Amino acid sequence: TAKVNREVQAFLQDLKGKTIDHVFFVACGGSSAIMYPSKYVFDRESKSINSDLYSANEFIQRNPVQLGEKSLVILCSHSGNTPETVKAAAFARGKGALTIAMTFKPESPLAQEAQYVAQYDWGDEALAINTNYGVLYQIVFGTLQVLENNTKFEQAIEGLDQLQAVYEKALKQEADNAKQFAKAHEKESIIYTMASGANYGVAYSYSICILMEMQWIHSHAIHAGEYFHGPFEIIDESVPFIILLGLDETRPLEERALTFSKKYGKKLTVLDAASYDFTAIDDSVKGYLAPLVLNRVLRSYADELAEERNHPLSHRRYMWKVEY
């Protein structure tokens, strides 16, 4: 509790005794992607709360009939300006839902619309527990503890605190691999990603944000289960695949996908969480935290790629530049 963001603590204190039967994870792009692990956590842990995840404008237009006074809507926007997420917060609040927004900017429009606001840390100095993923888990595990007496909160928070060391060790261990990846993918026009379970949003974000948005590299995040029902026909020794293996219950799906890809593919970039040091993380939560480490490592891969391709990650031709 002492490690929990003070705004999240206030939210959790107010949440006690409330009747909530549905949680909606609502954001756009990268901010939506960071919520996939939380939907996995709810699916594995929540006995009485329905969980759904939608892109912000999808949420508004789909207008779930179950959205109302017994709903909790968790929103996220880095800048706090993403118009669809701002509108989603107002829409949910107008329906009587309890709303909490996460942002890097506290005076933003999203902050102004949401009932509760939690800021996260960002940049080279940010510690895992205080990052967007860290704060989202404080809210998620906290909610489950307050509303269902879920017993994993302490281990989730202690795990997050210990996760910064895991990040730093993982990053050092993968430095040469990140450089090799950049060298090997300098001129590849398409790079697929693949993962399952709690790790699927990490692959999705890498595909839509790092590769498409920030590198203009074609991508597609293939779900490791779905792979064997169509997509796998695309692989050959020239098709690059980034394959993620986590520590959650779905790891067998990723293992199966990897085994096949090693046989018929060749240009494989494998990030396996089992190769990192989770000895200080409780077994009850290491599957839920592995995506955070995988995501952090991927960032170092992105940095090397950007440098090697002379395409800065901040470069855009449309976002913030034209009307849309």
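In this text, residue numbers run from 1 along the sequence as written.
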Query raised in the report: Mean C-alpha B-factor higher for 191-199, or for 172-180?
Result: 172-180
Query raised in the report: Got a sec? Mean C-alpha B-factor, which is higher, 202-210 or 147-155?
Result: 147-155
Query - Third assignment of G134 from its chain's C-alpha B-factors - result: lowest
Query raised in the report: Taking the C-alpha B-factors as the PDB entry records them, is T99 in the lowest, middle or highest third of its chain?
Result: middle
Query raised in the report: Can you tell me which third, lowest, middle or highest, the CA B-factor of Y167 falls into for its chain?
Result: middle
**Report entry** Chain-wide C-alpha B factor ranking for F91, given as lowest, middle or highest third
**Finding:** middle
Query - Lowest, middle or highest third - CA B-factor, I281 - result: highest
